[PDB]
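Peer 1: This is query-v1.pdb, which holds PDB, N, CA and C atoms:
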ATOM      1  N   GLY A   1      -4.795  -3.664   6.582
ATOM      2  CA  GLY A   1      -4.150  -3.144   7.772
ATOM      3  C   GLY A   1      -2.649  -3.370   7.846
ATOM      4  N   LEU A   2      -2.125  -4.308   7.056
ATOM      5  CA  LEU A   2      -0.704  -4.682   7.155
ATOM      6  C   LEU A   2       0.108  -4.441   5.878
ATOM      7  N   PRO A   3       1.345  -3.952   6.040
ATOM      8  CA  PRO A   3       2.217  -3.646   4.905
ATOM      9  C   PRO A   3       2.882  -4.900   4.361
ATOM     10  N   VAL A   4       2.097  -5.742   3.700
ATOM     11  CA  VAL A   4       2.598  -6.993   3.150
ATOM     12  C   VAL A   4       2.444  -6.984   1.638
ATOM     13  N   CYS A   5       2.455  -5.790   1.053
ATOM     14  CA  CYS A   5       2.240  -5.636  -0.383
ATOM     15  C   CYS A   5       3.526  -5.494  -1.200
ATOM     16  N   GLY A   6       4.662  -5.404  -0.517
ATOM     17  CA  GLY A   6       5.926  -5.096  -1.162
ATOM     18  C   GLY A   6       5.864  -3.846  -2.027
ATOM     19  N   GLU A   7       5.152  -2.830  -1.554
ATOM     20  CA  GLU A   7       4.974  -1.603  -2.318
ATOM     21  C   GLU A   7       4.848  -0.375  -1.409
ATOM     22  N   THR A   8       5.479   0.729  -1.808
ATOM     23  CA  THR A   8       5.302   2.011  -1.128
ATOM     24  C   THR A   8       4.425   2.898  -1.991
ATOM     25  N   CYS A   9       3.788   3.885  -1.382
ATOM     26  CA  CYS A   9       2.903   4.772  -2.124
ATOM     27  C   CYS A   9       3.114   6.222  -1.710
ATOM     28  N   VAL A  10       4.330   6.723  -1.925
ATOM     29  CA  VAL A  10       4.672   8.095  -1.558
ATOM     30  C   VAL A  10       3.766   9.072  -2.320
ATOM     31  N   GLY A  11       3.505   8.759  -3.588
ATOM     32  CA  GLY A  11       2.577   9.537  -4.388
ATOM     33  C   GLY A  11       1.101   9.365  -4.049
ATOM     34  N   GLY A  12       0.776   8.442  -3.147
ATOM     35  CA  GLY A  12      -0.585   8.300  -2.654
ATOM     36  C   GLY A  12      -1.446   7.191  -3.252
ATOM     37  N   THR A  13      -0.904   6.440  -4.212
ATOM     38  CA  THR A  13      -1.634   5.326  -4.835
ATOM     39  C   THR A  13      -0.794   4.039  -4.945
ATOM     40  N   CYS A  14      -1.449   2.893  -4.773
ATOM     41  CA  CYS A  14      -0.819   1.583  -4.928
ATOM     42  C   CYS A  14      -1.290   0.913  -6.206
ATOM     43  N   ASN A  15      -0.384   0.240  -6.905
ATOM     44  CA  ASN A  15      -0.751  -0.465  -8.133
ATOM     45  C   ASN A  15      -1.012  -1.953  -7.924
ATOM     46  N   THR A  16      -0.605  -2.476  -6.773
ATOM     47  CA  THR A  16      -0.832  -3.878  -6.440
ATOM     48  C   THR A  16      -2.296  -4.131  -6.100
ATOM     49  N   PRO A  17      -2.942  -5.046  -6.842
ATOM     50  CA  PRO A  17      -4.359  -5.331  -6.603
ATOM     51  C   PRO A  17      -4.605  -5.825  -5.185
ATOM     52  N   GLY A  18      -5.659  -5.325  -4.551
ATOM     53  CA  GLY A  18      -5.977  -5.724  -3.190
ATOM     54  C   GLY A  18      -5.298  -4.866  -2.140
ATOM     55  N   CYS A  19      -4.366  -4.022  -2.567
ATOM     56  CA  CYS A  19      -3.656  -3.161  -1.628
ATOM     57  C   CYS A  19      -4.110  -1.721  -1.739
ATOM     58  N   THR A  20      -3.983  -0.986  -0.641
ATOM     59  CA  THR A  20      -4.420   0.390  -0.632
ATOM     60  C   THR A  20      -3.385   1.249   0.105
ATOM     61  N   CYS A  21      -3.394   2.562  -0.108
ATOM     62  CA  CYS A  21      -2.331   3.389   0.472
ATOM     63  C   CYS A  21      -2.631   3.837   1.904
ATOM     64  N   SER A  22      -1.880   3.305   2.869
ATOM     65  CA  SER A  22      -1.811   3.881   4.211
ATOM     66  C   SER A  22      -0.554   4.714   4.238
ATOM     67  N   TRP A  23      -0.667   5.978   3.839
ATOM     68  CA  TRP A  23       0.512   6.737   3.424
ATOM     69  C   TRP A  23       1.645   6.649   4.457
ATOM     70  N   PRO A  24       2.860   6.309   4.008
ATOM     71  CA  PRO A  24       3.253   6.072   2.623
ATOM     72  C   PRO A  24       3.472   4.606   2.244
ATOM     73  N   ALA A  25       2.879   3.661   2.967
ATOM     74  CA  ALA A  25       3.048   2.255   2.615
ATOM     75  C   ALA A  25       1.739   1.626   2.139
ATOM     76  N   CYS A  26       1.837   0.766   1.129
ATOM     77  CA  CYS A  26       0.683  -0.008   0.680
ATOM     78  C   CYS A  26       0.383  -1.133   1.667
ATOM     79  N   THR A  27      -0.895  -1.273   2.020
ATOM     80  CA  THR A  27      -1.346  -2.243   3.011
ATOM     81  C   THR A  27      -2.471  -3.115   2.474
ATOM     82  N   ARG A  28      -2.585  -4.316   3.024
ATOM     83  CA  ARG A  28      -3.717  -5.176   2.740
ATOM     84  C   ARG A  28      -4.370  -5.522   4.075
ATOM     85  N   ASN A  29      -5.648  -5.176   4.221
ATOM     86  CA  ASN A  29      -6.383  -5.357   5.481
ATOM     87  C   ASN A  29      -5.673  -4.720   6.679
TER
END
Rewrite the coordinates I just gave you, this time as structure tokens.

Peer 2:
Amino acid sequence: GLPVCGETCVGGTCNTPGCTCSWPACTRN
């Protein structure tokens, strides 16, 4: 739920394990 991944996902995918794309920011929980 929170953008604490230090990653953006404009292309729609996150590479940081445990993080997922809440477009356009990677979020964890």

Peer 1: Which residues, written as a list in words, have at least one atom at most 7 Å from residue 26 (chain A), with only C-alpha atoms counted and residues fewer than 4 positions away on the same chain left out?

Peer 2: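 What passes the distance filter is residues 3, 5, 7, 8, 9, 14, 19, 20, 21 and 22 of chain A.
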
Peer 1: Do you have the CA of residue 4 (chain A)-atom N of residue 28 (chain A) distance handy?

Peer 2: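 Interatomic distance here is 5.8 Å.
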
Peer 1: Grab all the atoms of region 14-21 of chain A that the file lists, wrap them in a box along x, y and z, add 3 Å per side, and give me centre plus edge lengths in Å (one decimal) as AutoDock Vina command-line options.

Peer 2:
--center_x -3.2 --center_y -1.0 --center_z -3.1 --size_x 11.6 --size_y 15.7 --size_z 16.0

Peer 1: Given the PyMOL selection byres ((chain A and resi 29) around 5) and the file above, list the residues it selects as a list in words.

Peer 2: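 Applying the PyMOL selection byres ((chain A and resi 29) around 5) to the structure shown produces residues 1, 2, 27 and 28 of chain A.
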
Peer 1: Applying 7 Å and only N, CA and C atoms, which residues near residue 10 (chain A) remain after dropping the ones on its own chain fewer than 5 positions away? List them as a list in words.

Peer 2: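 Close residues of residue 10 (chain A): residues 23, 24 and 25 of chain A.
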